[PDB]
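K.L.:
If it helps, the file is called input-v6.cif and holds mmCIF, C-alpha atoms:
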```
data_upload
loop_
_atom_site.group_PDB
_atom_site.id
_atom_site.type_symbol
_atom_site.label_atom_id
_atom_site.label_comp_id
_atom_site.auth_asym_id
_atom_site.auth_seq_id
_atom_site.Cartn_x
_atom_site.Cartn_y
_atom_site.Cartn_z
ATOM 1 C CA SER A 1 19.908 8.224 8.871
ATOM 2 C CA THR A 2 18.424 5.651 6.533
ATOM 3 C CA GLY A 3 16.491 2.421 6.745
ATOM 4 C CA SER A 4 15.975 -0.510 4.384
ATOM 5 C CA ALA A 5 13.529 -3.370 4.826
ATOM 6 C CA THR A 6 12.434 -6.260 2.647
ATOM 7 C CA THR A 7 8.725 -6.526 1.881
ATOM 8 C CA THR A 8 7.241 -9.953 1.090
ATOM 9 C CA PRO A 9 3.997 -11.009 -0.595
ATOM 10 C CA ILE A 10 1.603 -12.679 1.846
ATOM 11 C CA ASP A 11 0.520 -15.264 -0.708
ATOM 12 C CA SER A 12 1.132 -16.515 -4.257
ATOM 13 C CA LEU A 13 -1.051 -13.801 -5.809
ATOM 14 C CA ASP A 14 0.614 -10.757 -4.174
ATOM 15 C CA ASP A 15 -2.699 -9.980 -2.425
ATOM 16 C CA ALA A 16 -0.694 -7.793 -0.023
ATOM 17 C CA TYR A 17 2.865 -7.301 1.251
ATOM 18 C CA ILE A 18 4.263 -7.574 4.771
ATOM 19 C CA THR A 19 7.351 -5.871 6.170
ATOM 20 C CA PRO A 20 8.928 -6.706 9.535
ATOM 21 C CA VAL A 21 8.818 -3.908 12.116
ATOM 22 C CA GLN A 22 10.488 -3.820 15.529
ATOM 23 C CA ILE A 23 8.309 -2.352 18.304
ATOM 24 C CA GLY A 24 9.332 -1.742 21.899
ATOM 25 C CA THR A 25 12.173 -2.760 24.196
ATOM 26 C CA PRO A 26 13.175 -5.581 23.918
ATOM 27 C CA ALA A 27 12.067 -5.597 20.318
ATOM 28 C CA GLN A 28 8.790 -7.249 19.403
ATOM 29 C CA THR A 29 8.794 -7.972 15.671
ATOM 30 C CA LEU A 30 5.455 -7.731 13.883
ATOM 31 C CA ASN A 31 4.801 -8.078 10.164
ATOM 32 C CA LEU A 32 2.974 -4.968 9.031
ATOM 33 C CA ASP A 33 1.239 -3.954 5.824
ATOM 34 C CA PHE A 34 2.887 -0.697 4.699
ATOM 35 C CA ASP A 35 0.038 1.419 3.387
ATOM 36 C CA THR A 36 0.607 4.681 1.509
ATOM 37 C CA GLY A 37 -3.198 5.098 1.456
ATOM 38 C CA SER A 38 -3.639 5.509 5.223
ATOM 39 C CA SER A 39 -1.882 7.138 8.144
ATOM 40 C CA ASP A 40 -2.321 4.947 11.231
ATOM 41 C CA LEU A 41 0.249 2.530 12.617
ATOM 42 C CA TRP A 42 -1.917 -0.050 14.363
ATOM 43 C CA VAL A 43 -1.212 -3.550 15.626
ATOM 44 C CA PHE A 44 -2.828 -6.692 16.927
ATOM 45 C CA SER A 45 -2.087 -6.644 20.646
ATOM 46 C CA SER A 46 -2.527 -8.138 24.080
ATOM 47 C CA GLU A 47 -5.603 -5.880 24.264
ATOM 48 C CA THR A 48 -7.293 -7.282 21.152
ATOM 49 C CA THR A 49 -10.514 -9.196 21.862
ATOM 50 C CA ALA A 50 -9.389 -12.827 22.132
ATOM 51 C CA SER A 51 -12.013 -14.230 19.742
ATOM 52 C CA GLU A 52 -10.732 -11.814 17.072
ATOM 53 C CA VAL A 53 -7.098 -12.989 17.137
ATOM 54 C CA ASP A 54 -6.313 -16.085 15.006
ATOM 55 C CA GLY A 55 -2.626 -16.661 14.373
ATOM 56 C CA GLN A 56 -1.336 -13.089 14.358
ATOM 57 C CA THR A 57 1.673 -11.949 16.314
ATOM 58 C CA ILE A 58 0.611 -9.462 18.977
ATOM 59 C CA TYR A 59 2.246 -6.435 20.539
ATOM 60 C CA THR A 60 2.250 -6.576 24.323
ATOM 61 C CA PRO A 61 3.005 -3.085 25.636
ATOM 62 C CA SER A 62 3.317 -4.280 29.248
ATOM 63 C CA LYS A 63 6.441 -6.227 28.157
ATOM 64 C CA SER A 64 8.082 -3.121 26.678
ATOM 65 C CA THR A 65 10.141 -0.915 28.995
ATOM 66 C CA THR A 66 9.795 2.002 26.581
ATOM 67 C CA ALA A 67 5.997 1.785 26.108
ATOM 68 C CA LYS A 68 3.920 4.642 27.517
ATOM 69 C CA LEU A 69 0.134 4.932 27.440
ATOM 70 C CA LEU A 70 -0.971 7.949 25.416
ATOM 71 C CA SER A 71 -3.513 8.799 28.028
ATOM 72 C CA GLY A 72 -7.038 9.427 26.793
ATOM 73 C CA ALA A 73 -6.241 8.685 23.148
ATOM 74 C CA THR A 74 -8.421 6.441 21.024
ATOM 75 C CA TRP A 75 -8.486 5.559 17.350
ATOM 76 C CA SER A 76 -10.947 4.067 14.906
ATOM 77 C CA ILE A 77 -10.478 3.418 11.212
ATOM 78 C CA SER A 78 -12.426 1.992 8.276
ATOM 79 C CA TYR A 79 -10.801 0.974 5.000
ATOM 80 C CA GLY A 80 -12.207 1.043 1.464
ATOM 81 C CA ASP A 81 -12.950 -2.687 1.522
ATOM 82 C CA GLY A 82 -15.239 -2.248 4.512
ATOM 83 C CA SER A 83 -12.765 -3.594 7.059
ATOM 84 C CA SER A 84 -12.167 -1.761 10.336
ATOM 85 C CA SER A 85 -10.322 -1.650 13.633
ATOM 86 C CA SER A 86 -10.193 0.496 16.764
ATOM 87 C CA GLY A 87 -8.542 0.779 20.155
ATOM 88 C CA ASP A 88 -6.237 2.857 22.346
ATOM 89 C CA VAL A 89 -2.713 4.228 21.909
ATOM 90 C CA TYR A 90 0.793 3.812 23.274
ATOM 91 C CA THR A 91 3.985 5.556 22.319
ATOM 92 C CA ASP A 92 7.017 3.371 21.850
ATOM 93 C CA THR A 93 10.217 2.851 19.944
ATOM 94 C CA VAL A 94 9.651 1.639 16.385
ATOM 95 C CA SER A 95 12.382 0.546 13.988
ATOM 96 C CA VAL A 96 12.136 -0.305 10.303
ATOM 97 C CA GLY A 97 15.136 -1.796 8.588
ATOM 98 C CA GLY A 98 17.634 -0.131 10.918
ATOM 99 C CA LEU A 99 15.821 3.228 11.118
ATOM 100 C CA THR A 100 14.567 4.043 14.608
ATOM 101 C CA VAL A 101 11.835 6.440 15.759
ATOM 102 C CA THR A 102 11.345 7.055 19.465
ATOM 103 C CA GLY A 103 7.934 8.189 20.698
ATOM 104 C CA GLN A 104 6.026 6.715 17.766
ATOM 105 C CA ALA A 105 2.277 6.369 18.216
ATOM 106 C CA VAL A 106 1.500 2.651 18.223
ATOM 107 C CA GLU A 107 -2.235 2.149 18.041
ATOM 108 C CA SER A 108 -3.249 -0.971 19.931
ATOM 109 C CA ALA A 109 -6.309 -2.756 18.570
ATOM 110 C CA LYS A 110 -9.091 -3.618 20.993
ATOM 111 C CA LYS A 111 -11.319 -4.631 18.081
ATOM 112 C CA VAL A 112 -10.712 -5.760 14.507
ATOM 113 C CA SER A 113 -13.201 -6.750 11.819
ATOM 114 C CA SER A 114 -13.440 -10.299 10.500
ATOM 115 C CA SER A 115 -11.282 -9.615 7.447
ATOM 116 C CA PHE A 116 -8.333 -8.896 9.723
ATOM 117 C CA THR A 117 -8.919 -11.882 12.031
ATOM 118 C CA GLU A 118 -9.143 -14.188 9.030
ATOM 119 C CA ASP A 119 -5.762 -13.084 7.700
ATOM 120 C CA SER A 120 -3.120 -14.670 9.902
ATOM 121 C CA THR A 121 -0.233 -13.120 7.962
ATOM 122 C CA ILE A 122 -0.880 -9.428 8.699
ATOM 123 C CA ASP A 123 -0.154 -8.253 12.252
ATOM 124 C CA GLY A 124 -1.198 -4.662 11.596
ATOM 125 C CA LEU A 125 -0.777 -1.674 9.277
ATOM 126 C CA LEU A 126 1.875 1.026 9.022
ATOM 127 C CA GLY A 127 0.393 4.072 7.359
ATOM 128 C CA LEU A 128 2.501 6.198 5.001
ATOM 129 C CA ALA A 129 -0.052 8.694 3.660
ATOM 130 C CA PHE A 130 -0.085 12.200 5.117
ATOM 131 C CA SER A 131 -0.560 12.613 8.852
ATOM 132 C CA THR A 132 -3.694 14.683 8.317
ATOM 133 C CA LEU A 133 -5.542 11.358 7.811
ATOM 134 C CA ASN A 134 -4.424 9.910 11.145
ATOM 135 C CA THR A 135 -7.491 8.930 13.213
ATOM 136 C CA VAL A 136 -6.151 9.336 16.767
ATOM 137 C CA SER A 137 -8.361 11.509 18.951
ATOM 138 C CA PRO A 138 -8.154 14.002 20.593
ATOM 139 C CA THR A 139 -4.570 14.590 19.429
ATOM 140 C CA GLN A 140 -3.804 13.528 15.856
ATOM 141 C CA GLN A 141 -0.574 11.571 15.612
ATOM 142 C CA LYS A 142 2.237 11.576 13.043
ATOM 143 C CA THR A 143 3.166 8.708 10.744
ATOM 144 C CA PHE A 144 6.418 6.821 11.103
ATOM 145 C CA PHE A 145 7.734 8.674 8.013
ATOM 146 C CA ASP A 146 6.678 12.061 9.348
ATOM 147 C CA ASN A 147 8.465 11.374 12.634
ATOM 148 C CA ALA A 148 11.628 10.087 10.892
ATOM 149 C CA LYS A 149 11.750 12.750 8.178
ATOM 150 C CA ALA A 150 13.984 15.368 9.748
ATOM 151 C CA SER A 151 16.543 12.728 10.707
ATOM 152 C CA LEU A 152 16.690 11.153 7.266
ATOM 153 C CA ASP A 153 19.536 11.874 4.858
ATOM 154 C CA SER A 154 16.841 12.883 2.381
ATOM 155 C CA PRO A 155 13.120 13.311 3.162
ATOM 156 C CA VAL A 156 11.947 10.403 1.004
ATOM 157 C CA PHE A 157 10.936 6.794 1.052
ATOM 158 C CA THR A 158 10.775 4.418 -1.881
ATOM 159 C CA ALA A 159 8.580 1.454 -2.741
ATOM 160 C CA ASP A 160 10.022 -1.323 -4.876
ATOM 161 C CA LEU A 161 7.398 -4.070 -4.827
ATOM 162 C CA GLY A 162 8.079 -7.443 -6.365
ATOM 163 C CA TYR A 163 5.977 -9.493 -8.744
ATOM 164 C CA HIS A 164 5.489 -12.830 -7.051
ATOM 165 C CA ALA A 165 8.714 -12.029 -5.180
ATOM 166 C CA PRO A 166 10.095 -9.943 -2.327
ATOM 167 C CA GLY A 167 10.870 -6.254 -2.720
ATOM 168 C CA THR A 168 12.141 -3.316 -0.725
ATOM 169 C CA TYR A 169 11.030 -0.253 1.215
ATOM 170 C CA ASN A 170 13.843 2.259 1.674
ATOM 171 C CA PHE A 171 13.785 5.351 3.883
ATOM 172 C CA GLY A 172 16.021 8.367 3.414
ATOM 173 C CA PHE A 173 17.824 7.496 0.173
ATOM 174 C CA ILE A 174 17.262 6.553 -3.455
ATOM 175 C CA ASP A 175 18.990 3.306 -4.501
ATOM 176 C CA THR A 176 20.206 4.162 -7.990
ATOM 177 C CA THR A 177 20.932 0.460 -8.686
ATOM 178 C CA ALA A 178 17.275 -0.468 -8.216
ATOM 179 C CA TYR A 179 15.820 0.973 -11.432
ATOM 180 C CA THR A 180 16.543 1.476 -15.123
ATOM 181 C CA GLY A 181 16.609 4.769 -17.003
ATOM 182 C CA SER A 182 15.623 7.927 -15.140
ATOM 183 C CA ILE A 183 13.064 8.764 -12.466
ATOM 184 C CA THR A 184 10.234 10.965 -13.705
ATOM 185 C CA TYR A 185 8.742 13.187 -11.051
ATOM 186 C CA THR A 186 5.181 14.409 -11.069
ATOM 187 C CA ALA A 187 3.119 16.790 -8.920
ATOM 188 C CA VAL A 188 1.245 15.731 -5.804
ATOM 189 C CA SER A 189 -1.881 17.170 -4.232
ATOM 190 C CA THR A 190 -2.061 16.620 -0.485
ATOM 191 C CA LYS A 191 -5.533 18.179 -0.119
ATOM 192 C CA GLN A 192 -7.210 14.822 0.511
ATOM 193 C CA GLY A 193 -4.268 13.488 2.565
ATOM 194 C CA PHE A 194 -3.133 11.054 -0.138
ATOM 195 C CA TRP A 195 -0.218 10.761 -2.521
ATOM 196 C CA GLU A 196 -2.555 12.073 -5.216
ATOM 197 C CA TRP A 197 -1.230 12.708 -8.720
ATOM 198 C CA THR A 198 -2.343 12.871 -12.348
ATOM 199 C CA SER A 199 -1.347 10.240 -14.881
ATOM 200 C CA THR A 200 -0.995 11.526 -18.449
ATOM 201 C CA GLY A 201 -2.747 8.603 -20.124
ATOM 202 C CA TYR A 202 -2.674 4.945 -21.034
ATOM 203 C CA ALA A 203 -2.224 2.275 -23.641
ATOM 204 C CA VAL A 204 -3.544 -1.268 -23.891
ATOM 205 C CA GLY A 205 -1.023 -3.809 -25.161
ATOM 206 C CA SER A 206 0.695 -2.634 -28.334
ATOM 207 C CA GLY A 207 -2.030 -0.052 -28.862
ATOM 208 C CA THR A 208 -1.570 3.648 -29.359
ATOM 209 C CA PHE A 209 -1.166 5.782 -26.278
ATOM 210 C CA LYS A 210 -4.245 7.793 -25.322
ATOM 211 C CA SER A 211 -3.362 11.180 -23.843
ATOM 212 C CA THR A 212 -5.844 11.866 -21.068
ATOM 213 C CA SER A 213 -5.541 13.071 -17.478
ATOM 214 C CA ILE A 214 -6.267 10.444 -14.824
ATOM 215 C CA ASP A 215 -6.238 11.707 -11.251
ATOM 216 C CA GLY A 216 -5.526 9.007 -8.700
ATOM 217 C CA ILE A 217 -3.580 7.922 -5.648
ATOM 218 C CA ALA A 218 -0.448 5.896 -5.231
ATOM 219 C CA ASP A 219 -1.610 3.309 -2.676
ATOM 220 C CA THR A 220 0.577 0.390 -1.611
ATOM 221 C CA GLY A 221 -2.265 -0.839 0.615
ATOM 222 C CA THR A 222 -4.637 -1.480 -2.285
ATOM 223 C CA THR A 223 -3.943 -4.665 -4.238
ATOM 224 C CA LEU A 224 -5.413 -3.854 -7.645
ATOM 225 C CA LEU A 225 -5.460 -1.045 -10.204
ATOM 226 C CA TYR A 226 -8.753 0.883 -10.122
ATOM 227 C CA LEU A 227 -9.391 3.208 -13.065
ATOM 228 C CA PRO A 228 -12.339 4.876 -14.812
ATOM 229 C CA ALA A 229 -14.864 2.539 -16.405
ATOM 230 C CA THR A 230 -14.014 3.784 -19.887
ATOM 231 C CA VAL A 231 -10.324 2.860 -19.451
ATOM 232 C CA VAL A 232 -11.074 -0.493 -17.870
ATOM 233 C CA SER A 233 -13.605 -1.385 -20.585
ATOM 234 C CA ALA A 234 -11.000 -0.584 -23.261
ATOM 235 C CA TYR A 235 -8.547 -2.941 -21.556
ATOM 236 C CA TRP A 236 -10.831 -5.948 -21.100
ATOM 237 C CA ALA A 237 -12.220 -5.585 -24.619
ATOM 238 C CA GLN A 238 -8.807 -6.841 -25.744
ATOM 239 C CA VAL A 239 -9.137 -10.065 -23.719
ATOM 240 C CA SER A 240 -11.090 -12.859 -25.341
ATOM 241 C CA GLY A 241 -13.954 -14.002 -23.167
ATOM 242 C CA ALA A 242 -13.575 -11.288 -20.522
ATOM 243 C CA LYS A 243 -16.739 -9.931 -18.918
ATOM 244 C CA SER A 244 -17.823 -7.782 -16.016
ATOM 245 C CA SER A 245 -19.575 -9.996 -13.511
ATOM 246 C CA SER A 246 -21.905 -8.395 -10.970
ATOM 247 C CA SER A 247 -22.074 -11.653 -8.975
ATOM 248 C CA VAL A 248 -18.279 -11.839 -8.661
ATOM 249 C CA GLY A 249 -17.835 -8.077 -8.311
ATOM 250 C CA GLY A 250 -15.640 -7.150 -11.243
ATOM 251 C CA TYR A 251 -14.056 -8.214 -14.507
ATOM 252 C CA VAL A 252 -13.225 -11.881 -14.902
ATOM 253 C CA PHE A 253 -11.576 -13.693 -17.766
ATOM 254 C CA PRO A 254 -10.831 -17.252 -18.823
ATOM 255 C CA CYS A 255 -7.570 -18.441 -17.522
ATOM 256 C CA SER A 256 -6.764 -19.701 -21.039
ATOM 257 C CA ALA A 257 -6.671 -16.099 -22.306
ATOM 258 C CA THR A 258 -3.528 -14.046 -22.868
ATOM 259 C CA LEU A 259 -3.523 -10.734 -21.019
ATOM 260 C CA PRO A 260 -2.162 -7.657 -22.791
ATOM 261 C CA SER A 261 0.119 -5.271 -20.956
ATOM 262 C CA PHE A 262 -1.204 -1.958 -19.646
ATOM 263 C CA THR A 263 0.844 1.216 -19.926
ATOM 264 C CA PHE A 264 0.228 4.331 -17.828
ATOM 265 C CA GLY A 265 1.796 7.739 -18.313
ATOM 266 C CA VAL A 266 3.950 9.661 -15.886
ATOM 267 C CA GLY A 267 4.545 12.980 -17.539
ATOM 268 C CA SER A 268 6.172 12.127 -20.857
ATOM 269 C CA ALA A 269 7.403 8.791 -19.457
ATOM 270 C CA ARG A 270 5.673 5.400 -19.572
ATOM 271 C CA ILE A 271 5.328 2.555 -17.070
ATOM 272 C CA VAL A 272 4.428 -0.824 -18.556
ATOM 273 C CA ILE A 273 2.497 -3.322 -16.453
ATOM 274 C CA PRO A 274 3.088 -6.768 -17.971
ATOM 275 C CA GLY A 275 -0.019 -8.801 -18.677
ATOM 276 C CA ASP A 276 0.915 -11.464 -16.117
ATOM 277 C CA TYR A 277 0.669 -8.843 -13.324
ATOM 278 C CA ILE A 278 -3.045 -8.458 -14.078
ATOM 279 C CA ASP A 279 -3.911 -12.130 -13.345
ATOM 280 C CA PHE A 280 -5.283 -12.725 -9.835
ATOM 281 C CA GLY A 281 -6.232 -16.315 -10.330
ATOM 282 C CA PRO A 282 -9.387 -18.397 -10.049
ATOM 283 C CA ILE A 283 -12.423 -16.673 -8.555
ATOM 284 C CA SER A 284 -12.879 -19.813 -6.451
ATOM 285 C CA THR A 285 -10.717 -22.907 -6.091
ATOM 286 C CA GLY A 286 -10.857 -24.995 -9.264
ATOM 287 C CA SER A 287 -12.666 -22.395 -11.347
ATOM 288 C CA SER A 288 -11.638 -21.641 -14.904
ATOM 289 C CA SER A 289 -12.747 -18.023 -14.385
ATOM 290 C CA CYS A 290 -9.918 -15.730 -13.265
ATOM 291 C CA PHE A 291 -10.201 -12.395 -11.461
ATOM 292 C CA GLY A 292 -8.800 -9.353 -13.214
ATOM 293 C CA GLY A 293 -6.216 -7.044 -11.708
ATOM 294 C CA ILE A 294 -7.576 -3.940 -13.427
ATOM 295 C CA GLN A 295 -11.015 -2.978 -12.217
ATOM 296 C CA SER A 296 -13.369 -0.033 -12.384
ATOM 297 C CA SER A 297 -13.130 2.754 -9.810
ATOM 298 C CA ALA A 298 -16.747 3.756 -10.450
ATOM 299 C CA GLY A 299 -18.386 4.008 -7.055
ATOM 300 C CA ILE A 300 -15.094 4.330 -5.129
ATOM 301 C CA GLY A 301 -14.922 8.057 -5.788
ATOM 302 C CA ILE A 302 -11.221 8.013 -6.629
ATOM 303 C CA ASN A 303 -8.857 6.171 -8.965
ATOM 304 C CA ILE A 304 -6.294 3.972 -7.204
ATOM 305 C CA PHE A 305 -2.860 3.045 -8.472
ATOM 306 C CA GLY A 306 -2.536 0.016 -6.234
ATOM 307 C CA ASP A 307 0.103 -2.717 -6.132
ATOM 308 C CA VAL A 308 -0.668 -3.973 -9.667
ATOM 309 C CA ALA A 309 0.560 -0.635 -10.990
ATOM 310 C CA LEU A 310 3.182 0.221 -8.380
ATOM 311 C CA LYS A 311 4.989 -3.137 -8.567
ATOM 312 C CA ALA A 312 5.815 -2.405 -12.230
ATOM 313 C CA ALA A 313 7.857 0.597 -11.071
ATOM 314 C CA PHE A 314 10.417 1.970 -8.685
ATOM 315 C CA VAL A 315 8.404 4.595 -6.836
ATOM 316 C CA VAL A 316 9.723 7.596 -4.945
ATOM 317 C CA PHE A 317 7.523 9.176 -2.299
ATOM 318 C CA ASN A 318 9.205 12.552 -1.914
ATOM 319 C CA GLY A 319 8.232 14.243 1.327
ATOM 320 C CA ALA A 320 10.059 17.506 0.719
ATOM 321 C CA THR A 321 8.243 20.739 1.626
ATOM 322 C CA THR A 322 6.394 20.386 -1.663
ATOM 323 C CA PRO A 323 5.805 16.657 -1.990
ATOM 324 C CA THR A 324 6.128 14.917 -5.341
ATOM 325 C CA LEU A 325 6.045 11.353 -6.708
ATOM 326 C CA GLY A 326 8.706 9.751 -8.871
ATOM 327 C CA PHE A 327 8.375 6.733 -11.122
ATOM 328 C CA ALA A 328 11.084 4.709 -12.875
ATOM 329 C CA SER A 329 10.992 1.485 -14.865
ATOM 330 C CA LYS A 330 12.951 -1.412 -13.406
#
```
Since I need it in another form, could you write the structure as structure tokens?
P.N.:
Amino acid sequence: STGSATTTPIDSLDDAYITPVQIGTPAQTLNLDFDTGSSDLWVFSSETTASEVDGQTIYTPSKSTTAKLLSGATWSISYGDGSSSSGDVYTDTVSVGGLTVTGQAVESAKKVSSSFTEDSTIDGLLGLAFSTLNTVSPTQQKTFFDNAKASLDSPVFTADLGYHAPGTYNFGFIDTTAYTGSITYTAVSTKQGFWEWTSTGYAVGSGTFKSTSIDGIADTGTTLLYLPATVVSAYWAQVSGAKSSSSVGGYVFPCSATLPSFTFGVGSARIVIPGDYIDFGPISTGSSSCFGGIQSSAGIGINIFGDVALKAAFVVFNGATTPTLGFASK
């Protein structure tokens, strides 16, 4: 089997991407944030505290003939931005782009933090990291990809995120029309439950490539590119008027400035992030100060190749017995 679904930016800045997902029988379609940095599929639901729902589409398991309570199961998750959610668990039929999993754990939110309530466009998350990070207790649950894997033509999914435009998540096949050149594959460590890999270095604009190992994760659920302070300083030093602002919480730059590209290494290959991808707009409405898309990972404890980086590539998440990551230009 295979599946193929379009993923769409939630706003004009690509702050996140939503993908439609069919849950239950008859289908209830919710727009989920596909997140290769976590491993829970959770949704706004008929069980979510009423005051914490504001515009989202909810899953109502009582209206699904295939929903079954996963008796005794609870879940609770916190994300790197300080947001959180928790609740109980059903199993149900879940389809993505024509690919169907029966018996998928669908984690129903009883509580969500304000960040989730305030974002009307995201109805929940669909985790695509390794199932060892899944928070369901007492019985850890598998991700949608883990459950689908054996049925797939090939044990892979691919992320092809758009810049200010829709893109594609494919399951079970590599679309050879969707990228240029070849796909370069690189080793993955699963020890922390992430798609964790080592970049071979970087360049800023037309500058010379610096060979240096940068360990980090491929995370579709993080918006920006978070790298070591040395790397990030070298980038913003090439932007006139850029500064790190403690009050704003990162590097900002005048919107009149030209942003250089940023290149990162994948083995001997190179992925170029165009300068425009690094512009995340005014820090507040009407401001001439713009928020940067490359920020320091200092204090996160890990480097994160988020959407800013991933959307410059066609990315293969290879879930073979020994997982690997592939990157191609596009």
K.L.:
Can you tell me, as a VMD selection string, what residues are no more than 7 Å from segment 313-316 of chain A when counting all atoms listed in the file, ignoring any on the same chain fewer than 4 positions away?
P.N.:
chain A and resid 156 to 160 179 271 325 to 330
K.L.:
Do you know which residues the PyMOL selection byres ((chain A and resi 42-56) around 10) returns on this file, as a ChimeraX atom specification?
P.N.:
/A:23,30-33,39-41,57-62,75-77,85-89,105-127
K.L.:
Those selected residues, please, written with C-alpha atoms and delivered as a compact mmCIF listing (two decimals), in the frame of the given file.
P.N.:
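Below is the file that was written, selection-v2.txt:
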```txt
# COMPACT_ATOMS: atom_id res chain seq x y z
CA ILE A 23 8.31 -2.35 18.30
CA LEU A 30 5.46 -7.73 13.88
CA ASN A 31 4.80 -8.08 10.16
CA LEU A 32 2.97 -4.97 9.03
CA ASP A 33 1.24 -3.95 5.82
CA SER A 39 -1.88 7.14 8.14
CA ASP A 40 -2.32 4.95 11.23
CA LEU A 41 0.25 2.53 12.62
CA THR A 57 1.67 -11.95 16.31
CA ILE A 58 0.61 -9.46 18.98
CA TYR A 59 2.25 -6.44 20.54
CA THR A 60 2.25 -6.58 24.32
CA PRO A 61 3.00 -3.08 25.64
CA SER A 62 3.32 -4.28 29.25
CA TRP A 75 -8.49 5.56 17.35
CA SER A 76 -10.95 4.07 14.91
CA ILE A 77 -10.48 3.42 11.21
CA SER A 85 -10.32 -1.65 13.63
CA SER A 86 -10.19 0.50 16.76
CA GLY A 87 -8.54 0.78 20.16
CA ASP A 88 -6.24 2.86 22.35
CA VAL A 89 -2.71 4.23 21.91
CA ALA A 105 2.28 6.37 18.22
CA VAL A 106 1.50 2.65 18.22
CA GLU A 107 -2.24 2.15 18.04
CA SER A 108 -3.25 -0.97 19.93
CA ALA A 109 -6.31 -2.76 18.57
CA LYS A 110 -9.09 -3.62 20.99
CA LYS A 111 -11.32 -4.63 18.08
CA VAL A 112 -10.71 -5.76 14.51
CA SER A 113 -13.20 -6.75 11.82
CA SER A 114 -13.44 -10.30 10.50
CA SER A 115 -11.28 -9.62 7.45
CA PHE A 116 -8.33 -8.90 9.72
CA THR A 117 -8.92 -11.88 12.03
CA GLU A 118 -9.14 -14.19 9.03
CA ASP A 119 -5.76 -13.08 7.70
CA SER A 120 -3.12 -14.67 9.90
CA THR A 121 -0.23 -13.12 7.96
CA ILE A 122 -0.88 -9.43 8.70
CA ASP A 123 -0.15 -8.25 12.25
CA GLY A 124 -1.20 -4.66 11.60
CA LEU A 125 -0.78 -1.67 9.28
CA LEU A 126 1.88 1.03 9.02
CA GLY A 127 0.39 4.07 7.36
```
K.L.:
Mind giving me the straight-line distance from atom CA of residue 286 of chain A to atom CA of residue 10 of chain A in Å, one decimal?
P.N.:
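Atom-to-atom, atom CA of residue 286 of chain A to atom CA of residue 10 of chain A, that is 20.7 Å.
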K.L.:
Please list as a list in words every residue within 7 Å of residue 22 of chain A, counting only C-alpha atoms and excluding residues in the same chain fewer than 2 positions away.
P.N.:
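My reading of the contact set: residues 20, 24, 27, 28, 29, 30, 94, 95 and 96 of chain A.
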K.L.:
What is the distance between atom CA of residue 193 of chain A and atom CA of residue 129 of chain A, in Å to one decimal?
P.N.:
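If I compute the distance from atom CA of residue 193 of chain A to atom CA of residue 129 of chain A, I get 6.5 Å.
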K.L.:
Residue by residue, what does the PyMOL selection byres ((chain A and resi 212) around 7) grab here? Present the result as a PDB file with C-alpha atoms, in the coordinates of the input.
P.N.:
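Result file is result06.pdb:
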```
ATOM      1  CA  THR A 200      -0.995  11.526 -18.449  1.00  0.00           C
ATOM      2  CA  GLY A 201      -2.747   8.603 -20.124  1.00  0.00           C
ATOM      3  CA  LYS A 210      -4.245   7.793 -25.322  1.00  0.00           C
ATOM      4  CA  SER A 211      -3.362  11.180 -23.843  1.00  0.00           C
ATOM      5  CA  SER A 213      -5.541  13.071 -17.478  1.00  0.00           C
ATOM      6  CA  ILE A 214      -6.267  10.444 -14.824  1.00  0.00           C
TER       7      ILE A 214
END
```
K.L.:
With the PyMOL selection byres ((chain A and resi 219) around 9) as the selection, what would be picked from this file? Answer as a ChimeraX atom specification, please.
P.N.:
/A:35-38,129,194-195,217-218,220-223,304-307,310
K.L.:
Show me, as a list in words, the residues that have an atom within 12 Å of residue 258 of chain A when counting only C-alpha atoms, minus same-chain residues fewer than 6 positions from it.
P.N.:
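Neighbouring residues, sequence-local ones excluded: residues 205, 236, 238, 239, 240, 241, 242, 274, 275, 276, 277, 278, 279, 290 and 292 of chain A.
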K.L.:
Which one of A:289, A:66, A:261, A:295 sits closest to residue 229 of chain A if you count all atoms listed in the file?
P.N.:
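Among the listed residues, A:295 lies closest to residue 229 of chain A.
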K.L.:
Provide the atom CA of residue 265 of chain A to atom CA of residue 199 of chain A distance in Å, to one decimal place.
P.N.:
5.3 Å
K.L.:
Take segment 298-302 of chain A from the block and save it with N, CA, C and O atoms, as a PDB file, in the first residue's frame.
P.N.:
```pdb
ATOM      1  N   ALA A 298      21.330  26.963  21.678  1.00  0.00           N
ATOM      2  CA  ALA A 298      21.922  26.954  23.017  1.00  0.00           C
ATOM      3  C   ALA A 298      20.800  26.992  24.041  1.00  0.00           C
ATOM      4  O   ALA A 298      19.905  27.833  23.974  1.00  0.00           O
ATOM      5  N   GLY A 299      20.815  26.064  24.980  1.00  0.00           N
ATOM      6  CA  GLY A 299      19.730  25.994  25.940  1.00  0.00           C
ATOM      7  C   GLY A 299      18.582  25.070  25.559  1.00  0.00           C
ATOM      8  O   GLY A 299      17.731  24.796  26.406  1.00  0.00           O
ATOM      9  N   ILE A 300      18.543  24.590  24.315  1.00  0.00           N
ATOM     10  CA  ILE A 300      17.565  23.557  23.935  1.00  0.00           C
ATOM     11  C   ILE A 300      18.123  22.182  24.274  1.00  0.00           C
ATOM     12  O   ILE A 300      17.379  21.266  24.649  1.00  0.00           O
ATOM     13  N   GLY A 301      19.432  22.029  24.113  1.00  0.00           N
ATOM     14  CA  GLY A 301      20.085  20.760  24.365  1.00  0.00           C
ATOM     15  C   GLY A 301      20.224  19.878  23.142  1.00  0.00           C
ATOM     16  O   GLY A 301      20.791  18.790  23.226  1.00  0.00           O
ATOM     17  N   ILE A 302      19.719  20.350  22.006  1.00  0.00           N
ATOM     18  CA  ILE A 302      19.842  19.619  20.754  1.00  0.00           C
ATOM     19  C   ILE A 302      19.687  20.604  19.593  1.00  0.00           C
ATOM     20  O   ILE A 302      19.006  21.619  19.723  1.00  0.00           O
TER      21      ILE A 302
END
```
